Amino acid sequence: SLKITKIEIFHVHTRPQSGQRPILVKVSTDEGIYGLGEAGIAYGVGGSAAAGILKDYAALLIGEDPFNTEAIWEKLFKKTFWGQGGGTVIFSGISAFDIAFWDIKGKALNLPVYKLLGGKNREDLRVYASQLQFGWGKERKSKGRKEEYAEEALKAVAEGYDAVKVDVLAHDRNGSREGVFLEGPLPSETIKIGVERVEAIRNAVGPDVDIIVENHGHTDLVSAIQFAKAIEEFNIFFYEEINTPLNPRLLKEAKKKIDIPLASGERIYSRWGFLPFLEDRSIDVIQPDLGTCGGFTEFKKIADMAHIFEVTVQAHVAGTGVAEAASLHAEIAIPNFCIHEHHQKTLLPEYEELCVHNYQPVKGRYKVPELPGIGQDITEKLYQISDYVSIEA
Amino acid sequence: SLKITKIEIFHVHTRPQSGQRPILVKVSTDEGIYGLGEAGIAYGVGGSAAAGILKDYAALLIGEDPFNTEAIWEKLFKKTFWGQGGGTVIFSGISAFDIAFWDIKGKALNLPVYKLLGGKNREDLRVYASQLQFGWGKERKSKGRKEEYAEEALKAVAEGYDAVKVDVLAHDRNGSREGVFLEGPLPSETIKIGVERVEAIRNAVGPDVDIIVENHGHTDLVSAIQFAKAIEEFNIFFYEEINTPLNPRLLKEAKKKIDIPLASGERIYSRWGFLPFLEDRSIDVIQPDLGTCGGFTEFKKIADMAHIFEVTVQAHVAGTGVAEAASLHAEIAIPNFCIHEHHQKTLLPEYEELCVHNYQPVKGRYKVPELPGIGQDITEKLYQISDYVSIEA
Amino acid sequence: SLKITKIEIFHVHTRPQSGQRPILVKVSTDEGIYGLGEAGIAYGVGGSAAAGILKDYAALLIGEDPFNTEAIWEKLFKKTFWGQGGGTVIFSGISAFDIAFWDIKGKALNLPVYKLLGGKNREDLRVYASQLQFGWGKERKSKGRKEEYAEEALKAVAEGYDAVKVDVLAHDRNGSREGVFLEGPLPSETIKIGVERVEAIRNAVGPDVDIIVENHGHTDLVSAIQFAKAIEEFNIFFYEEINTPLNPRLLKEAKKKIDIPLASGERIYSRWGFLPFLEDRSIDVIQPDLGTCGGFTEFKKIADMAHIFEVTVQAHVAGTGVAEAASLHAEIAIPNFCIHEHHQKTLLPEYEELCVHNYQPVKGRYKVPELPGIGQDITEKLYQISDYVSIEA
Amino acid sequence: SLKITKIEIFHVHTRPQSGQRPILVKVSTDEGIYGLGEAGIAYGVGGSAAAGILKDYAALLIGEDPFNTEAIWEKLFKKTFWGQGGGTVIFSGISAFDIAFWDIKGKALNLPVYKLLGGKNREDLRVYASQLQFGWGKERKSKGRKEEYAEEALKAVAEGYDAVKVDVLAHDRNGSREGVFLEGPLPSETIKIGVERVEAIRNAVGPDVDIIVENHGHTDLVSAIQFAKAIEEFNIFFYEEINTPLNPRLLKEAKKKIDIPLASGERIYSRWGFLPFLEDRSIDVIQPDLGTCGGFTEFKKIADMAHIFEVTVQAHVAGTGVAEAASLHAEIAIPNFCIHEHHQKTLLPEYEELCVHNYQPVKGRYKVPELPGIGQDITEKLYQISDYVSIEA
Amino acid sequence: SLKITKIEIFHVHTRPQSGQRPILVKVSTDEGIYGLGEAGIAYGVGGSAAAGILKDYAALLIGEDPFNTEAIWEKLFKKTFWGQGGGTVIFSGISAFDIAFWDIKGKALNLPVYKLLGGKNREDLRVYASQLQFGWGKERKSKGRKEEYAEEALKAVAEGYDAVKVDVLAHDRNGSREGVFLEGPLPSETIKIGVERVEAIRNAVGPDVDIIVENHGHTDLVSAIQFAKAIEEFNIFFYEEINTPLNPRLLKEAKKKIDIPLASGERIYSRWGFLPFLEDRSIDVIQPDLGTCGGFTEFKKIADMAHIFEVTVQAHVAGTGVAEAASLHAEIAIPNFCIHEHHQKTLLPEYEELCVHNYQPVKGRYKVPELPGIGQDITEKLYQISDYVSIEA
Ligand SMILES: [Cl-]
Ligand SMILES: [Cl-]
Ligand SMILES: [Cl-]
Ligand SMILES: [Mg+2]
Ligand SMILES: [Mg+2]
Ligand SMILES: [Mg+2]
Ligand SMILES: [Mg+2]
Ligand SMILES: [Mg+2]
């Protein structure tokens, strides 16, 4: 019965500490039910392109029935022209709408989204404390000294996390990115900086806390192999984004010389994006972002394909409470779940103020929301602190 | 929440003129909502195994929540031991229950199942008239002379079908399977018999009615290629089950020498079954059966994977109205739908008396049921004409 | 030395006949020299995303030296985060700025851009008349009857073109896209519509006018193969965008069964996008758009790589005179040039009014502009008929 | 001129300690000779399906000559329809009948089955003590403490076994499966539990007793590789069922990382099942079960193919004395035999009461039974403690 | 407007200490602007062939516009016949002229060549001291005793280099090449010679000076693997020219059993030469020589292709100041630069006297020349100490 009547797009003004700008969409229907979604380009450079694609796709969606998520997905894929060429922004547009549609379906049926995605596969979700190099962390500040890495890890363990993730190569010993270059064979001292940080954490947290190493795509396969050799002895849980994902075969080549499990996904989009990595079996833990991979509809398809290849899933989660709530539904509903990412940015007040619920882990575990829909909404403030665009018929 | 309280399995007694024995399952819950499913082993030899697998799986399912379709599928896959070895019977067990679970979800939410599978991708479904060699099709009788093949095709066209399917190799000119053997290089006269039948049909129906050729796995790659060469000139729509699917690479070898699109699926099960054929891109139209491929849950995963490879889908449909109703929901909910199989057996009173609703095409088109759930139920007669097993707490 | 002081972005208001919205960028320097570029998303759905990416990238570019095209390209690729994930909009942003930078270089050195790209490889360029199905063509109007396809081809041949391109599958016999669906095996009547149009064209123009068939990615590999079989007898020059380019291996599968040379590239971006197609040798003529592939800098890299594989190049050209002027420099400067696309849209006044020079073929031949830079500028009107964004300094 | 006149199927009632339900078949002939076979689904979930398949196949077998084992195998493969789709239950049905037919042949000719399979290749068979985690003896009790694993190993060594097999991951330190999950990257403590058990056993038994590690398909590629790293220092003889065998390429991927010889077979069926593993050379020791792989006929074909690839064989043995007696014939008759699997579960009263003869190793060595046929029979008790089905003529 | 009017070729007489004979080309135009280039065959046996190819190519070049570098490259490739067969001498001829043409372009536009190649990617270039085994300084002398290898490394470190390259296998302990044979499995004593030299250098320079090992193609894959095993513990930066490059697959085989990054390129020419190594991903650092790979034009294409594969570039540099000056422009203008080779020969007076500027690193860093053109010229002496050939209209 439902028809989309209004689409509102919020390109949120710069968040002071992080410098980031989340992009949210509110999709309203004739019956007054609305849904929230998020485009997963809150950080880096390109958020205005996400706000733009959402505006353009909106014209094709007014009048549509939000229950028709398969047909709408395929329409944005096949009828936009650019859908068939793919891309970060193209897929973020499809994703944000898809999330909002599933939010609507949940509300329309009086059920949490995970009940519409195939139910629960576990009672709760293991969580890791993500991006310790920026502090754990209501004050965001990049860390340079090895004792600071250990300290931030200890703060997370004190809160009950039994896993942490850290980028140990990005910053020099002053905590600056300035002059740090990580492609090709690395100097001994750069390797030493990474190793001393991993070692300081491992010593501090002991053997029963897992450590994930994040390279942020700053390395390439040559430097990634070199660094893995140096940190292997520390029992690394997995090794994330070790190069550029645009020539997929290179990760298979990296894996030939790296024994640590490999992870990637935040810059790989749709079934088509993940396919070559699965064919190569070069990724052990995939990390699709609901807000870029294609939404709930596509995340499920990616995870389901990945299961055939004995690959597990950790959703990439790095924006507002809309993104984070949504991720919990997607992860609880798949059998092949690894671990949940809990980003340090969620601990900053600039992010906390955006949503009505601040879902936080308890003793390092997350439970899925049990409200109808995704279980999240934006605050009334949002209109006033965003570039705002409204589309109707 | 919702819990399974009772499971009833009906291994239906021999259907007089088809010789078949459908296997249905009724899953009851603590809220009085029940679901119907079907195991796709109604013909050939093995129905009692399907009845037996359902009985064994039932022990694991009493007390479960039918909304947890993902977890239950994974439990039957991973906790039975044999799930991980796979197979016709193993997957038919998972399938029949999965269908009944989705029926339950639809009834619980007062929605047709297609609304829970992602909505409609089209307003109706193109249908073909299947298995003309048995007559179209109120009486089942094998055809021998080429004019009989033309006549049955015309009977279909008169009902408004614009596509037909025929097995032209299975029967000799007297309509007998006796002494017919179709592996290895074929006699000229066997080629001639097949060609004369396709030719008679094509001449009768004209260019605008599609002709699908069914080999029923009676051929192997050698005889399949030899026959394809002889019938290519007749514009064959696709060419189904041309060999044994147990060594998948053989179909890739077949495709090297066959220009006609290839179809298969009724004897290929789960994502894991279809994977090699997709990797080889050797099937143009996959034909999973809901009742053997793993139910709605797995059908969707198969179809969604197939989409990546520009492969389209026609559900294999060859049992009761429970199977047929369920297939309509699965097909309308996918973007990459090809055509729907309407089997001649449904036209027989043996089968019609099993189910409450008799869904039939109108002018060669099917519409999905709009009732809650799959839109089908079993008649009162079923308890009296089945081997009946009931499992409770 | 040279520093970028200002960036202006023009998202041009809807063009009436075509419904399109070009996106232009003007980059100004501290020496008063400015350059023009264009993002190649003027048609389909997503122009606002291109406007948005240009705005976001502009922040990284103020103060940069436009001669540093390599470092700026790598910066936008490696320092934006999303650069390394790729995509239509991501690469369109890099492309538009890159074109403007080369325009600046040419003006600064008082040379046409081709002199900075390695000089002329030929004195002029062979051209085809592109998109006959919309009319050749100061009035845009989709054609339905086969005689109309012949008529439009003759109009082109009368202007001295010895090659034409037509999409013969997209429209029904009424000139309408409504209800036309071209994935999976095709009905005989759809094949007949396509065939009769190719045939009518070939009969009208004779043997010495080449015919390119454009599928616009509406087909998939199955329908593409079926159609190629039907038209091969008409000596098709090449066969463009026959499926979705997101799973590259599928084009290799298509080539196995298609004798006609294959073309693609308007929805493939960067060296990374073309690589798998070259690895498979599945494309005979690549068609990168300067405004999406990565600009002059990357177009050259794509073409140079393609040469190793005995692949030739026709730039995809389908926007304003900025895009068209730019493409002439890129094409004259490469050894492996095939033919130049001259789009019917350039014939419409809504496009004519946007630029200072209206470069048009003479006797089916293009000459490269000989003015400083790309040899093109926007009109004063542009500010008044665009969504306008200015970024300083 | 033997003709099958009667087939009796015994689905044995729950065995109290093991929880298992063996499935036996007795095939009688016109001349009074009968044969015994067993379907290898006695454990896990699915035994009723094996009972059902045997009932269905039985109809095709009345009147056949038991000497025509090749034709009968091919008939059940090719004329049942589901034969060509394969599977655990499908092949278990073929298997059990085949074993009974060879039993008949041996009785008819006054020869043990090994004489009809090509004779002895050795005078006796090396044996390992299997499944120490449930105790070495005939009280079934799952072990949790590392000392208990060593104690059980020493009990076997005391009986003269020079090889043991243990699953060291399945149980927590209290001996429970509850909450144990072994897919994806494993916690350090789970690794430690496995290691401490292997190390306890190694230290106890010394260097000249071999240790096989059984993962029971509870792990996947990722966890299997991780665990192999931790135990490789202990000289593991081979490493069994390390993942799910349904995507065979994954075992090749595992072997890239894992230096310990790999074994699998109990969930892989027929020549067709083993083929991809042999093509990849990913299994060093294959473990087909006579009662699921296709019987003596197919076991021989599998073992003979495996010999080409320098792969050796250990029959999977885990049901009644029928299965155990049969396995000894199959193994002594092949050149490429590795080792025989033994449990003492065999000589529980619940299992020992089923069969006339109790074949047991002596000082870690087995002799093949030297009686006509397989050298085994069922007791009179069986009729009374089984679901009994009889099919006649 | 420019036309080539005169070509002069200087095959320089034997340089006393090195024994080498550089080959230089001076290309003059009607406007009086001239350009200098160099063929990269100054050492080994074949320089007279380089002089001869330049003489032959010169005939095709009189009257050409040196701005037409793409067309001229393609003309020498496609119109000489032997261009399409390839080769050291064939490509050296194209190379030397290409360098001279770019020199002319820079001069004609008052800009350094790097400004015409896409600008700077960095402000300076890291340098290594190359070929320590011949002495680091003004007197060339082959080293035999391990202490001498350390001594030479220390002399480099004292001048501010943080990287060195050495061939440790070429010479026996008395500093002789005679009787040294390095193909096939090596004697222990030869391994010990190489090891003791690497160890002496590592001990002398510490961890923060990188060590490159040069095999000069004297080894093959067997000895290369053997030696890598022995030196892996010394943290070798990369491992250069480890076999013969004429069967490219062999380097892929070597990489399977070598963990040190591999380098090659001075005996690999054009995009076509590097292609198979990139396809195999067997080279981590490519080392094309501007004077053999095809000049600036082709170096850029090689480096750009290499970038797709996460391969970095160090120009091979080993003749006069013409070659070295040219190399700095090529390297600063690419994003994927590794390190610059600074050859000990440049420290000899025989080489210094050939060119007007002696560009030398400062504290181990190079800056690109900023003069117009390549920033280098020959002395007027050169006519008198060369075999001189002049070609005019
Ligand atoms: Cl994009
Ligand atoms: Cl089965
Ligand atoms: Cl040569
Ligand atoms: Mg990350
Ligand atoms: Mg069929
Ligand atoms: Mg096009
Ligand atoms: Mg086992
Ligand atoms: Mg060298």
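All heavy atoms count here, side chains included; hydrogens, waters and symmetry mates do not. Ligands are counted one by one from 1 in listed order, and the atoms in each one are counted from 1 as well. Below, chain A is the first sequence line, B the second, and so on; all start at residue 1.
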message: Distance to the ring centre below 6.0 angstrom and angle to the axis at most 45 degrees; does that hold for C/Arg267 and A/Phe81?
response: yes

A/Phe97-A/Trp73 aromatic ring centre distance below 6.0 Å: no

query: What angle, to the nearest 10°, do the atoms OE2 (A/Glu214) and OE1 (A/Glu266) form about the Mg ion (ligand 4)?
result: 170°

message: For a distance under 2.8 Å, tell me if A/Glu241 has an N/O/S atom near the Mg ion (ligand 4).
response: no

- request: Using a strict 4.0 Å threshold on nitrogen-to-oxygen distance, state whether C/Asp56 and A/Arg21 make a salt bridge.
  value: no

Aromatic plane relationship, A/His316 with A/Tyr43 - under 30° parallel, 30 to 60° tilted, over 60° perpendicular: tilted

field: Atom name of the N, O or S atom in A/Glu240 that lies nearest to the Mg ion (ligand 4)
entry: OE2

